[PDB]
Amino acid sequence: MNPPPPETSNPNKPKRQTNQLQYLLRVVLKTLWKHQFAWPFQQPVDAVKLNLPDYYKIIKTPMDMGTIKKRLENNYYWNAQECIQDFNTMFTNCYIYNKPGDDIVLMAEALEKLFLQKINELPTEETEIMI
């Protein structure tokens, strides 16, 4: 069965906005979201609809771009690294559950390569921006 989706807010988690996080939403997320291979990653894995009864036994930290997008929009993150970590979790979850050469893995790899290209242009200094 599917767990609830990852939180996109938390009253106990400090919120923040930075120049780097703005970039992650406006440039990085936007570019990946519109990519040909984006669709399977735009919402949580539905293990019932995909008949993957072991998915959430193997994947203990699920993540998807819909969640990341909403976290950025909601100022859920404290810094850019927290967001970058979520992207990395999304990619590695796919590699962990699946096998090399699988179509979905090839898709994840292409998105990850694009991701790395785009964050190479991340502003080098973190500047906090008042919400």
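Position 1 is the first residue in the sequence shown; the rest follow in order. Heads up, when I say rigid core I mean the largest set of C-alphas that superpose within 1.5 Å between the two forms.
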Of 111-119 and 11-19, the one with the larger RMS C-alpha deviation from the shown form in 7 other deposited structures of this protein, core-superposed, is 11-19
Between 88-96 and 28-36, the record assigns the higher mean Cα B factor to 28-36
So, looking at the entry's B-factor column for Cα atoms, which has the higher mean, 7-15 or 104-112? 7-15
Split the chain's modelled residues into thirds by Cα B-factor; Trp78 lands in the middle
For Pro53, return the chain-relative third of its C-alpha B-factor as stated in the PDB record: lowest, middle or highest. highest
